[PDB]
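The primary structure of each chain is shown beneath.
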Amino acid sequence: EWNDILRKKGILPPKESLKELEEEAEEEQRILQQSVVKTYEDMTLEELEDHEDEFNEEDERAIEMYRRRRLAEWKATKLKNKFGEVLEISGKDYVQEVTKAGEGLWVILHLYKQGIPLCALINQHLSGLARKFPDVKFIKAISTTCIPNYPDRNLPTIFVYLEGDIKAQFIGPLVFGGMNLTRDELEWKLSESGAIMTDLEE
Amino acid sequence: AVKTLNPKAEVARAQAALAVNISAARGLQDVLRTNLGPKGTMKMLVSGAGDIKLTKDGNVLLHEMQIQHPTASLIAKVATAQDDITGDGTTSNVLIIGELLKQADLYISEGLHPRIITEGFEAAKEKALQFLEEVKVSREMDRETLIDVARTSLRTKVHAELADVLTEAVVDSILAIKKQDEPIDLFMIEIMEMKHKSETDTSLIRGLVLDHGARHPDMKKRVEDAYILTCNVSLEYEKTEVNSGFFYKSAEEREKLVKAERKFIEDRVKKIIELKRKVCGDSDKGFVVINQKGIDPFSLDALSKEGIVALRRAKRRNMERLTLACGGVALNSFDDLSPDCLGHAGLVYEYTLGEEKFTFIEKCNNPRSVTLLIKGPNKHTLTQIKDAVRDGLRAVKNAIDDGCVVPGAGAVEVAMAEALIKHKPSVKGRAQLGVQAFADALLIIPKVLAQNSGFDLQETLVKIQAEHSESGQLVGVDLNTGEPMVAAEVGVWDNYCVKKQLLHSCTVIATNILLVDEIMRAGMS
Amino acid sequence: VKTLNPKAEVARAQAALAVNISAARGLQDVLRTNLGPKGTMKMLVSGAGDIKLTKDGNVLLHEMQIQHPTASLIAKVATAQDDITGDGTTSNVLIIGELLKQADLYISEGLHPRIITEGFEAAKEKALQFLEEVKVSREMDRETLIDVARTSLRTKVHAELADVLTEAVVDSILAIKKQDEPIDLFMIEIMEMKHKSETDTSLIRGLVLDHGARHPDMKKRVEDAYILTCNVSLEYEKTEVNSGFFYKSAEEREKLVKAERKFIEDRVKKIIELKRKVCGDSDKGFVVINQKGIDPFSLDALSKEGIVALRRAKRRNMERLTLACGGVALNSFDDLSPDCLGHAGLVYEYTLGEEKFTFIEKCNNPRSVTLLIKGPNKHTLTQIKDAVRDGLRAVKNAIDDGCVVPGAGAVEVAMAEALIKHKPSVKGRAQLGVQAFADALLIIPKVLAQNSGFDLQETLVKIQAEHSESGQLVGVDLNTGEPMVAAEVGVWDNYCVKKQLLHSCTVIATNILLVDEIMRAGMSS
Amino acid sequence: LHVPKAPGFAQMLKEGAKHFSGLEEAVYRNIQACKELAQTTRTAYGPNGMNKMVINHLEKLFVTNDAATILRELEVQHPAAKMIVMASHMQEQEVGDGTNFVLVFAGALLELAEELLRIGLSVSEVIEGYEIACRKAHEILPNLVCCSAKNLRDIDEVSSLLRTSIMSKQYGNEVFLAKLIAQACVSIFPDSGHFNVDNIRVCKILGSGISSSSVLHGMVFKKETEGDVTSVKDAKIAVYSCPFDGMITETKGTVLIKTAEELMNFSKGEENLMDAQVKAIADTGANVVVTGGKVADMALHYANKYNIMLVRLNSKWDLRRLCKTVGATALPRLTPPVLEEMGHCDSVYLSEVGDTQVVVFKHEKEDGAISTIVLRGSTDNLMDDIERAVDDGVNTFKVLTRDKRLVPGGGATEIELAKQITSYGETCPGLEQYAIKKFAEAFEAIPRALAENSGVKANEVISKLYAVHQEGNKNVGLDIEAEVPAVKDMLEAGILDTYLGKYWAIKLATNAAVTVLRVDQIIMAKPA
């Protein structure tokens, strides 16, 4: 009564506010439910192999167009699978790959001294990663011949380079310390460098 | 009530449930009575994107208006099922249901718990169903029967001149069918969508028409006589499925490996052209190859170096179409080859429509697959014509299925009305009351027709009912001067089984609507 | 028309019709349950946390928070009806809404409402002559008016309240200044005395006032009292023209102070002299009452005297006591005689809670009396006040003329049958409205069937077929529903009641049904 | 001041749902909107047809006097506007000119329809009257032709005909563009059985104005020669649809080495193989090579040793068009071609054409399936305007190849049709005579615009033209920029028109008219 008369006249009490927030949130919640079916035919590339449970009609215009774009995508992605073995170049050439390493290609510049299970396990993880991402340039070597008399208490130091610009750093075991460190966590860190797009729990 | 448990629970009591259902149905019937009949209004339904479709079809009318009511949702669902089954007079369904509920409202306005009305409606439905079984007349299908059936049932969803041209085209259409096989289905006949010219140019094609033209500027634009090679063999390049690569020491080794790569397409092409020449190619004996897979430019050039006809990527049903049009046996591999697989076409040419280039095959000796071409001013008119021809072919199928045609244009339902009135003092009780209104139920059908025509309702109605009562025949409704006059003599009928299913569904949905007692929005707590 | 003012509600013909119909449906359906001695009892809550128990239609209309055009028209019309007659006002809205519902079924059938309007006016006229010819006279006696009061008291309240109030009202109308001239109840007041049982309300000869000795040192019960009715200032007054006192010593102060209370004391000495002249010793009662106030000085000056004084009473109190005690009201002391005095037999005081009361009874010939309502609950007090008002209204509408008509559906069904038989005379589609108009009165008994618990059509047809060769004066029973003659129990109702009922209902229905378009203009953007 | 909305249809709408019903809401609103749209662009497509410009959302400028582009870029919220623009688009797909005629005629017919529904006729009566008048017009129209198209081959006839389509642009110069278009089209038309509009392309150059444009039987490419040697007089042109590099495996062509001599002759064998291939291709007899794909530096080196011209392109359309033009052939292998499959040109010159490098093809043979038009101007909008005029002329020519029927210009035909159809509709029974007569009277809207643009008084000359049409003249029309009532003949001045364009225009216009008038209710959903 009196409060709503106040409301017509004044705004001294606030009580009619904030009832639009949950309204808009629920609107968007109902809206975002059509994204599952919007791209049902626009994601899978095996739907042709999924005959008799995916076909209702074929317009042969946008769907053959989908095959065309899909095959272009496939050829573009499989023309780049050239790697998969971490390689040991020498320090003499080092200037030629710190700089002349290709523009638009990430370089995981790994430096290490073999012998500690830290460096050994890190080398194992990156070598196994090479089996998954053959589109990434891996480099392994002895830092002593890469950097003269490099402090041996600063290994293994991960370097992320492209066009001579350091984008990501992971210096020493201070960020990799522990035998509990695993495959997916390394992949997670290199994804966080901005090179890879994947998903992990933690 | 449960609203105590769920503060976000919307509850509508039994009386409230009936009230809201009735309001929804009344709105639906008021907007739908504008549709059926050759005099029903034609509306604009436009989406937010601006997509415009102009229709007289109740179903597409339903699915492009803004609907909100769960009861209205169920109405649309059942009407859509009816349209799926036969697709004609769909408006009659919902109008009948709405007015049945209206009469039930008029009576429930005096207490009178509705289950008695439901059972009385069931009994009256049974009696009227037997009456319909009696009243229907049988005449075997022919030129006049089917042409008049199409001309009559077509105008429920489309105008007049289109109805006439469509009737002629569909008379020419259902003739490539078997004698006694009933080979008619949508899987077997195709419709062309091409925005080319006005409506006075639409026709039909016994043969087949494809939207794919020459892949290379050496092909043939027109073949006098062609032998057809439908094939389901991969001709484009493919990768070895174990991912094998090339390892060599010399560039000439790379050359030899390239030759090794090409040899397989080479010998497939060799086999195909060898069969072509062996059958014949000389002296204007065109050869056509039909594949649904890719073709390499290497294979394209290899086959086209001698000007063969071959194309790519047609609809998968076109392979059935061609088997029953050209006659040649289909194939999936060249393990076994014989000129038996060769099809035949009496004329092939091309005509490029705008950006798109079209091929046409025709002069089929025994065509079992035919296609329909329609050209109109724009998209909305072509969608409307496509829907109209779909429903018209549905009606033609329904007519040619059985050999019984019921008269149309309002006679049969007033006949049912009077017959049910006669039977009424035998229904044993207050259900007669419902039965009474139940007769008044069918009362709407010419009434709406009378309503659409602008004639005053009660006078024409009592005229019609008196005309039927005095005689025993079936008198129809005039749509030019309103004067009662029988309609079966000008070529007016309607599908018997269609009305059977109509009455079935209408009664079932009517009792389902009337038997509601509680409307909830349970959930979202 | 949302262009001239973008914020303006514009509704077309059917929109206005539908909203009016829906509002009328809601109102009538709500008010079905509020008539008969077996109607449903309504509880209302004001905008403060205060509760009123009502069976009155106008109370319900003006307590609902309803903002609607038709509802506003209903509230105004029912307010006027309650003002004029004030009984069975439910019938007004029931008739109006039922006629609306009827005419809906035919305007929906394309009947333009004007024709139905002329049909309704013809039905008005014919039913008017029928009620005029079937109206029957009877000399107004005690028992006749007992039955008439029982009618309305079973209408608006329950059994025992009716049992006491019929007696109360019939005795109330007996007390009158002039039997042969119109009575008025402003001389017969209602006072609320909220400390006793619901069965303790009664009628008291004379008047009782709510204010007592403003200077309390007086007696407690006096007998054989003469009455002084004065309207003069008995308290100190300052002249309108401003002035002041001037002196130079305290002796002048004493002189001026003692001379400043001289005029009022002269007035009270006039009064005391008149008292002693009218009666000396022997303890004869002598009551003085002034409309205006009395200052404490003269208050004590007369309280030391045995005289009792009353001040600040209601303005109509003195005007009615003029007749009641037989005296003449005094407006100044320029001349005076004992004739202007009134008299009473016994006067006593009674205390309660915070207030006390002055009882004036044993009038020599009671021509003004007072009704006292004693009850626990204030809303109960107000409900009993409404009941007594309805009873007095009904007895007045009975006594004013010398004719009365049977109720409880009897004459209703009578003119129903008469109009049904007469309808063959009238012409055009308006005839149908006449039928609907007939159906109008049909709402009246059947709701009683709904208010009794019987099948509506069953009782309706029993009563309709009860018609012998001559028109039976047969209504509906309140315990068996079987047709029963009205004269045997002797429950009737006033003629002009149903007369103005028909007048108002017909005209308001015309106004509702002739409308074309609804606006909500007047919004300054 | 409290009133809700009616339960029912008004209460089952969505929140964003809007609706218009009956003659009141739907009909008056769409009729007024269509009249607005017609009046917006009612000042163009004439001898004086005043060009109008617009800015788009894409922030590109457009100065057009044919309604097609300006309406297609413009967006609306009125469905009937979508209907009329789609009608114009269908006209464009049919012929592609005079997009203002359909708009004016539609506006006039919708005005007359609103008047008739004011009178109080059924929609069916008016619609059938218009359809009767439509088919009667279809029947009478072919009886009105004069001086149909003879050959479509001579140059002067092409000038005289296409200039008529040209007056809609560049009022200050006519004959120059006529020469250009006539020469180009006579060069390009095979003159035997077929044509494609794609057979003609044009090229734009920034710089000097129209005075320096030209036509070359031979394409224009801006590309620059990789090799130093350029511009042989007349020579053979070898074309490789495949890339210029050597045979590379479409799979991985890896190499493995076990001993030293393998490496010793690795690059030696590579260079020798490409040397042999390039040597053979040179020995084919040509000196001009235009590849499709990228170019190999060492193979380019051998070409230098063999003195070869190298050009690489991007458009496969251009590649196939070159095959059509110079007799070139597509070879998807690096194998040397045969002399039958050879390209030929009397001039392939790498030059500068306004401080922009150009590769020009020219034949003394004047042959080729495609001939390019070099355009000269100073601003891109001028390029667009001249290209629109050129397109009008060339599509006039293309649609006139077939359907060689002609129609008088100047507007006399429309008034002849109006008078004749009114005379016929004077006898119509029922209530459709009003519709038939107003259909004819609608043919006065086109001369209304034709008179308002030229700066002359409209109604005076309209009355004079009716007076002289009473004498029965199909060839008398307004004098341009007269400023004073004066009319004369049009066939004299070559002021003519095509039959098929007008026929399609009127047919589509009537279809749209019946379409819109058949609409009885409008329902809109929630806006996107």
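In terms of determination method and resolution, the entry is listed under cryo-EM at 4.42 Å.

Residue and element names in this part refer to chain C. Here six bridges tie strand β8 (residues 221–230) to strand β11 (residues 342–352), and the two strands are oriented antiparallel to one another. Across the sheet, residue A225 finds its bridge partner in β11, namely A344. The pairing of β8 with strand β9 (residues 285–290) spans six bridges and is parallel. Within the sheet, the bridge partner assigned to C230 lies in β9 and is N290.

It is worth spelling out the interface of chain C and chain D at this point. Counting residues at the interface gives nine residues for chain C and six residues for chain D. Buried area between chain C and chain D, summed over both chains or domains, comes out near 850 Å², and the portion from carbon and sulfur atoms is 72%. Summed over the shared surface of chain C and chain D, the result is zero salt bridges. Summed over the shared surface of chain C and chain D, the result is zero residue pairs in polar contact. Along the lines of polarity and charge, the residues of the side of chain C that touches chain D split into six nonpolar, one polar and two charged.

Time to look at a positive patch on the surface. On the surface, A:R68, B:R215, D:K316, D:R320 and D:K324 cluster together into a patch of positive charge. Along the chain, D:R320 turns up in helix α11 (residues 316–326).

We now examine the sheet that holds strand β17 (residues 404–407) of chain B. Residues and elements named next belong to chain B. Pairing is antiparallel across the open sheet formed by three strands, whose spatial order is β4-β17-β18. Looking at which strands have only one partner, the edges of the open sheet turn out to be β4 (137–138) and β18 (493–495). Inspection of the sheet shows β17 paired to β18 by three bridges, in the antiparallel sense. Paired with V405 across the bridge in β18 is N495. Lying over the sheet, helix α16 (residues 496–514) contacts β17 and β18, oriented at roughly 60° with respect to β18.

About the cut-offs
Residues numbered from 1 in each chain as written, not as in the entry; some residues may be left out. Chains lettered and ligands numbered in written order. Part of a larger assembly, values for the part shown. Heavy atoms only, no water. Residues with missing side-chain atoms left out of burial classes, pairs and counts. Pairing = 2+ DSSP bridges. Helix = DSSP H or I, 4+ residues; strand = E, 2+ residues; numbered from the N terminus. Contact = heavy atoms within 4.5 Å. Buried area = accessible area lost by both parts, 1.4 Å probe. Salt bridge = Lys/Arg side-chain N within 4 Å of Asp/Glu carboxyl O. Polar contact = N/O pair within 3.5 Å; in protein donor to acceptor, adjacent residues only side chain to side chain. Nonpolar A, V, L, I, M, F, W, Y, C, P; charged D, E, K, R; others polar. Patch = residues over 30% accessible without salt bridge, like charges linked within 9 Å, V, L, I, M, F, W, Y side chains within 5 Å. Areas by Shrake-Rupley, 256 points an atom, 1.4 Å probe, with all protein chains shown as cover. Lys, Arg positive; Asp, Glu negative; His and termini not counted. Charge placed at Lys NZ, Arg CZ, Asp CG, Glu CD. Axes fitted to C-alpha atoms, helices over the stretch in contact; angles between N-to-C directions.

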